[PDB]
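Enquirer: This is the content of my_file25.csv (CSV, C-alpha atoms and all ligand atoms):
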chain,number,residue,atom,x,y,z
A,1,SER,CA,0.0,0.0,0.0
A,2,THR,CA,1.0,3.6,-0.5
A,3,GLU,CA,3.8,5.1,1.6
A,4,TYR,CA,3.7,8.7,2.8
A,5,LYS,CA,6.8,10.6,4.0
A,6,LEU,CA,5.6,13.1,6.6
A,7,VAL,CA,7.8,15.6,8.3
A,8,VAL,CA,6.9,17.3,11.6
A,9,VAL,CA,8.5,20.7,11.9
A,10,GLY,CA,8.3,23.7,14.2
A,11,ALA,CA,10.1,25.7,16.8
A,12,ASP,CA,11.6,24.5,20.1
A,13,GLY,CA,9.0,23.1,22.5
A,14,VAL,CA,5.8,23.4,20.4
A,15,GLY,CA,5.0,19.7,21.0
A,16,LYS,CA,6.2,18.0,17.7
A,17,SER,CA,7.3,14.9,19.6
A,18,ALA,CA,4.2,14.7,21.8
A,19,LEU,CA,2.0,14.8,18.8
A,20,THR,CA,3.9,12.1,17.0
A,21,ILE,CA,4.1,9.8,20.0
A,22,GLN,CA,0.4,10.2,20.7
A,23,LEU,CA,-0.2,9.1,17.1
A,24,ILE,CA,2.2,6.2,17.2
A,25,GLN,CA,2.0,5.0,20.9
A,26,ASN,CA,-1.2,6.5,22.2
A,27,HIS,CA,0.2,8.1,25.3
A,28,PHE,CA,1.3,11.7,26.3
A,29,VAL,CA,4.9,12.3,27.0
A,30,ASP,CA,4.9,14.8,29.9
A,31,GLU,CA,8.7,15.2,29.9
A,32,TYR,CA,10.6,17.6,27.7
A,33,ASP,CA,13.3,15.6,25.9
A,34,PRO,CA,14.7,17.7,23.0
A,35,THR,CA,14.8,15.9,19.7
A,36,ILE,CA,17.8,15.5,17.4
A,37,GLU,CA,15.9,13.5,14.8
A,38,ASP,CA,13.5,10.6,15.3
A,39,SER,CA,11.6,8.6,12.7
A,40,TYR,CA,8.6,6.3,13.1
A,41,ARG,CA,6.3,4.2,10.9
A,42,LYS,CA,2.6,3.6,11.5
A,43,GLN,CA,0.2,1.6,9.4
A,44,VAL,CA,-3.2,3.3,9.4
A,45,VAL,CA,-6.3,3.2,7.3
A,46,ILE,CA,-7.3,6.5,5.9
A,47,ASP,CA,-10.4,6.8,3.7
A,48,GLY,CA,-10.3,3.0,3.2
A,49,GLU,CA,-6.7,3.1,1.9
A,50,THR,CA,-4.0,1.4,3.9
A,51,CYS,CA,-1.2,3.9,4.4
A,52,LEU,CA,2.4,3.4,5.5
A,53,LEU,CA,3.2,6.6,7.3
A,54,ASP,CA,6.9,7.3,7.5
A,55,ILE,CA,7.1,10.1,10.0
A,56,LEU,CA,10.1,12.3,10.7
A,57,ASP,CA,10.1,14.2,14.0
A,58,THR,CA,12.6,17.0,13.7
A,59,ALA,CA,14.6,19.2,16.1
A,60,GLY,CA,13.3,22.5,17.4
A,61,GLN,CA,16.6,24.2,16.4
A,62,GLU,CA,18.9,22.7,13.8
A,63,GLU,CA,22.6,23.3,14.4
A,64,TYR,CA,23.3,22.5,10.7
A,65,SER,CA,21.1,24.0,8.1
A,66,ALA,CA,22.2,21.1,5.8
A,67,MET,CA,20.3,18.8,8.2
A,68,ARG,CA,17.2,21.0,7.6
A,69,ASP,CA,17.7,21.0,3.8
A,70,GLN,CA,17.8,17.2,3.7
A,71,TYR,CA,14.5,16.5,5.5
A,72,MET,CA,12.8,19.3,3.4
A,73,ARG,CA,14.0,17.5,0.3
A,74,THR,CA,12.9,14.0,1.4
A,75,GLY,CA,9.6,15.1,3.0
A,76,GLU,CA,6.4,14.6,0.8
A,77,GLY,CA,4.3,16.5,3.3
A,78,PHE,CA,4.9,18.9,6.2
A,79,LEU,CA,3.2,19.2,9.6
A,80,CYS,CA,3.9,22.8,10.5
A,81,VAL,CA,3.5,22.9,14.2
A,82,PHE,CA,3.3,26.0,16.4
A,83,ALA,CA,2.1,26.3,20.0
A,84,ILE,CA,-0.8,28.6,20.7
A,85,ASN,CA,1.0,30.2,23.6
A,86,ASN,CA,4.2,30.7,21.6
A,87,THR,CA,3.9,33.7,19.3
A,88,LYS,CA,7.4,33.3,17.9
A,89,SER,CA,6.7,29.7,17.0
A,90,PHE,CA,3.7,30.9,15.0
A,91,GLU,CA,5.9,33.5,13.3
A,92,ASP,CA,8.5,30.8,12.5
A,93,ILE,CA,5.9,29.1,10.2
A,94,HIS,CA,6.5,31.7,7.5
A,95,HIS,CA,10.2,30.9,7.6
A,96,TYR,CA,9.7,27.1,7.5
A,97,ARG,CA,7.4,27.5,4.5
A,98,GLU,CA,9.9,29.7,2.6
A,99,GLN,CA,12.7,27.3,3.3
A,100,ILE,CA,10.6,24.3,2.2
A,101,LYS,CA,9.5,26.1,-1.0
A,102,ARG,CA,13.1,27.1,-1.8
A,103,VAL,CA,14.5,23.7,-1.2
A,104,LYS,CA,11.7,22.0,-3.2
A,105,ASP,CA,12.0,24.7,-5.8
A,106,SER,CA,8.2,24.7,-6.0
A,107,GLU,CA,5.3,26.8,-4.9
A,108,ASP,CA,3.1,23.7,-4.3
A,109,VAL,CA,4.1,21.7,-1.2
A,110,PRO,CA,1.6,19.6,0.9
A,111,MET,CA,1.5,21.1,4.4
A,112,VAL,CA,-0.9,21.4,7.3
A,113,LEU,CA,-0.8,24.2,9.8
A,114,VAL,CA,-1.0,22.8,13.4
A,115,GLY,CA,-1.8,25.0,16.4
A,116,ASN,CA,-0.8,22.7,19.3
A,117,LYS,CA,-1.4,22.8,23.0
A,118,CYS,CA,-5.0,24.1,22.7
A,119,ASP,CA,-5.6,22.7,26.2
A,120,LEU,CA,-3.9,25.8,27.7
A,121,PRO,CA,-5.4,29.1,28.8
A,122,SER,CA,-2.2,30.9,28.0
A,123,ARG,CA,-3.3,31.6,24.3
A,124,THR,CA,-1.3,34.4,22.7
A,125,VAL,CA,-1.9,33.3,19.1
A,126,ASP,CA,-5.6,33.6,18.2
A,127,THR,CA,-7.4,31.1,16.0
A,128,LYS,CA,-8.3,33.8,13.4
A,129,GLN,CA,-4.7,34.8,12.6
A,130,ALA,CA,-3.9,31.1,12.3
A,131,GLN,CA,-6.9,30.5,10.0
A,132,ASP,CA,-6.0,33.7,8.1
A,133,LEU,CA,-2.4,32.4,7.6
A,134,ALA,CA,-3.5,28.9,6.5
A,135,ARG,CA,-6.1,30.4,4.1
A,136,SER,CA,-3.3,32.6,2.6
A,137,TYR,CA,-1.1,29.5,2.1
A,138,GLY,CA,-4.1,27.5,0.8
A,139,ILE,CA,-3.5,24.7,3.4
A,140,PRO,CA,-5.6,23.3,6.2
A,141,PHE,CA,-5.4,24.5,9.7
A,142,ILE,CA,-6.0,22.1,12.6
A,143,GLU,CA,-6.0,22.8,16.3
A,144,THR,CA,-4.6,20.0,18.5
A,145,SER,CA,-3.7,19.0,22.0
A,146,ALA,CA,-1.0,16.3,22.4
A,147,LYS,CA,-2.0,16.3,26.1
A,148,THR,CA,-5.6,15.3,25.5
A,149,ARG,CA,-5.1,13.9,22.0
A,150,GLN,CA,-7.7,16.3,20.5
A,151,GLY,CA,-7.1,16.6,16.8
A,152,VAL,CA,-4.0,14.5,16.6
A,153,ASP,CA,-5.2,11.8,14.1
A,154,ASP,CA,-7.0,14.5,12.2
A,155,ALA,CA,-3.8,16.5,11.8
A,156,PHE,CA,-1.9,13.6,10.3
A,157,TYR,CA,-4.7,12.2,8.3
A,158,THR,CA,-5.4,15.6,6.8
A,159,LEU,CA,-1.7,15.9,5.7
A,160,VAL,CA,-2.0,12.5,4.0
A,161,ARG,CA,-5.1,13.8,2.1
A,162,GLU,CA,-3.1,16.9,1.2
A,163,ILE,CA,-0.4,14.7,-0.3
A,164,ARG,CA,-2.9,12.8,-2.3
A,165,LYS,CA,-4.4,16.0,-3.7
A,166,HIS,CA,-0.9,17.1,-4.7
A,167,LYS,CA,-0.1,13.9,-6.4
A,168,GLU,CA,-3.3,14.1,-8.4
A,169,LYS,CA,-2.6,17.8,-9.3
A,170,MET,CA,1.0,16.9,-10.3
A,171,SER,CA,-0.2,14.2,-12.7
A,172,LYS,CA,-2.6,16.6,-14.3
A,173,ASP,CA,0.0,19.3,-13.9
A,174,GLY,CA,-0.9,22.9,-14.3
A,175,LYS,CA,0.9,23.2,-17.6
A,176,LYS,CA,3.6,21.4,-19.5
A,177,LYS,CA,0.9,18.7,-19.6
A,178,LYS,CA,-0.9,16.7,-18.4
A,179,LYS,CA,-3.4,14.1,-17.2
A,180,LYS,CA,-7.2,14.4,-17.8
A,201,LIG,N1,-0.3,21.4,27.9
A,201,LIG,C1,0.3,20.8,26.8
A,201,LIG,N2,1.6,20.5,26.9
A,201,LIG,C2,2.2,19.9,25.8
A,201,LIG,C3,1.5,19.6,24.6
A,201,LIG,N3,2.3,19.1,23.7
A,201,LIG,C4,3.6,19.0,24.3
A,201,LIG,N4,3.5,19.5,25.6
A,201,LIG,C5,4.6,19.7,26.5
A,201,LIG,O1,5.6,20.6,26.0
A,201,LIG,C6,6.9,20.2,26.3
A,201,LIG,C7,7.7,19.9,25.0
A,201,LIG,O2,7.0,18.9,24.3
A,201,LIG,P1,7.7,18.1,23.1
A,201,LIG,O3,6.7,17.2,22.5
A,201,LIG,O4,9.0,17.5,23.5
A,201,LIG,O5,8.0,19.4,22.1
A,201,LIG,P2,9.1,19.3,20.9
A,201,LIG,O6,8.6,20.4,19.9
A,201,LIG,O7,9.0,17.9,20.3
A,201,LIG,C8,10.7,19.7,21.7
A,201,LIG,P3,12.1,19.8,20.5
A,201,LIG,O8,11.7,20.9,19.6
A,201,LIG,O9,13.3,20.0,21.4
A,201,LIG,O10,12.1,18.5,19.8
A,201,LIG,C9,6.7,18.9,27.1
A,201,LIG,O11,6.7,19.3,28.5
A,201,LIG,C10,5.4,18.4,26.7
A,201,LIG,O12,4.8,17.6,27.8
A,201,LIG,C11,0.0,19.9,24.6
A,201,LIG,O13,-0.7,19.7,23.6
A,201,LIG,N5,-0.5,20.5,25.7
A,202,MG,MG,10.8,16.8,19.9
A,203,MG,MG,12.6,23.2,14.2
Go through the file and emit its structure as structure tokens.
Ligand SMILES: Nc1nc2c(ncn2[C@@H]2O[C@H](COP(=O)(O)OP(=O)(O)CP(=O)(O)O)[C@@H](O)[C@H]2O)c(=O)[nH]1
Ligand SMILES: [Mg+2]
Ligand SMILES: [Mg+2]
Expert:
Amino acid sequence: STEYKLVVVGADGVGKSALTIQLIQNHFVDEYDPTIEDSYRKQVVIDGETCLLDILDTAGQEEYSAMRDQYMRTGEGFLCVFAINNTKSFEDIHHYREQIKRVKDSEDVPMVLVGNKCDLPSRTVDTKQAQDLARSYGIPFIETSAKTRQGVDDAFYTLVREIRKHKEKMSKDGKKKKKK
């Protein structure tokens, strides 16, 4: 069945790992253990298709940009995670997207904007500005909590759906031809 290369990106401490672990292992990591680079696979059924999810869980801050370039090249789809009580992490999304587009040398890259930690009262990034940004990029926005698991499956499943749409659009192309 179809394999999907997903990459989870975002600033230090937004909950990239907690989201990924909730997805894979169904528990919430309460600790803060900074990531170098972790990879996971989960077989799931999404819209009646069996998917092999190959998930890359990236570091909050890359020491070597070459390490960032590589996962942006390999990734088929990107989970762009910010925390709703971390304004800078939300601002960092623009910079991730620019870096990904440049590396892919393309304007069309499957991504989903993820506002994590929605269980907190400390919200400094409002939903509207998140929604506005996602609308601007033409990608989905999903609010999640790794603590409660709210929205976690949805975030990953939606990314898979985005990758499918892209594959279809890339077969049909926009020009240079073609496919139906
Ligand atoms: N309240 C709440 N806390 C969360 C949530 N997700 C993660 N955390 C907490 O935030 C801290 C960092 O989470 P972690 O998943 O390691 O974030 P990360 O972005 O992977 C860290 P790095 O960028 O170094 O790899 C941990 O204390 C974790 O329990 C959430 O949805 N809600
Ligand atoms: Mg991590
Ligand atoms: Mg990062």
Enquirer: Calculate how many Å separate atom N1 of ligand LIG 201 (chain A) from atom CA of residue 72 of chain A, rounding to one decimal.
Expert: 27.9 Å
Enquirer: Figure out the distance between atom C8 of ligand LIG 201 (chain A) and atom CA of residue 17 of chain A, please, to one decimal in Å.
Expert: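 Distance reported for this atom pair: 6.2 Å.
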Enquirer: Record the distance separating atom CA of residue 94 of chain A and atom CA of residue 134 of chain A, expressed in Å with one decimal.
Expert: 10.4 Å
Enquirer: Check the smallest atom-to-atom distance from each of A:57, A:173, A:126, A:49 to ligand LIG 201 (chain A) using all atoms listed in the file, then report the winner.
Expert: A:57
Enquirer: Give as an MDAnalysis selection string the residues surrounding ligand LIG 201 (chain A) up to a distance of 10 Å, considering all atoms listed in the file.
Expert: chainID A and resid 8:22 28:38 57:62 81:85 89 115:122 143:152
Enquirer: Name the residues in contact with residue 137 of chain A at a cut-off of 12 Å, using all atoms listed in the file, excluding same-chain residues fewer than 5 positions from it; report them as a PyMOL selection string.
Expert: chain A and resi 80+93-94+97-98+101+107-113+130-132
Enquirer: Tell me which of A:88, A:180, A:175, A:161 sits closest to ligand MG 203 (chain A), counting only C-alpha atoms and all ligand atoms.
Expert: A:88
Enquirer: With only C-alpha atoms and all ligand atoms as the basis for distance, which of A:96, A:78, A:40, A:156 is at the shortest distance from ligand MG 203 (chain A)?
Expert: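 Once distances to ligand MG 203 (chain A) are computed over only C-alpha atoms and all ligand atoms, the minimum belongs to A:96.
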Enquirer: Using all atoms listed in the file for the distances, tell me which of A:5, A:95, A:123, A:176 is nearest to ligand MG 203 (chain A).
Expert: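 When distances to ligand MG 203 (chain A) are compared using all atoms listed in the file, the smallest one comes from A:95.
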Enquirer: Rank A:141, A:172, A:127, A:4 by their smallest atom-to-atom distance to residue 51 of chain A, using all atoms listed in the file, and report the top residue only.
Expert: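 When distances to residue 51 of chain A are compared using all atoms listed in the file, the smallest one comes from A:4.
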Enquirer: Would you pick out the contacts of residue 43 of chain A at 10 Å or less, using all atoms listed in the file, so that residues sharing its chain but fewer than 6 positions from it are not included, and give the list as a PyMOL selection string?
Expert: chain A and resi 1+3+24+50-54
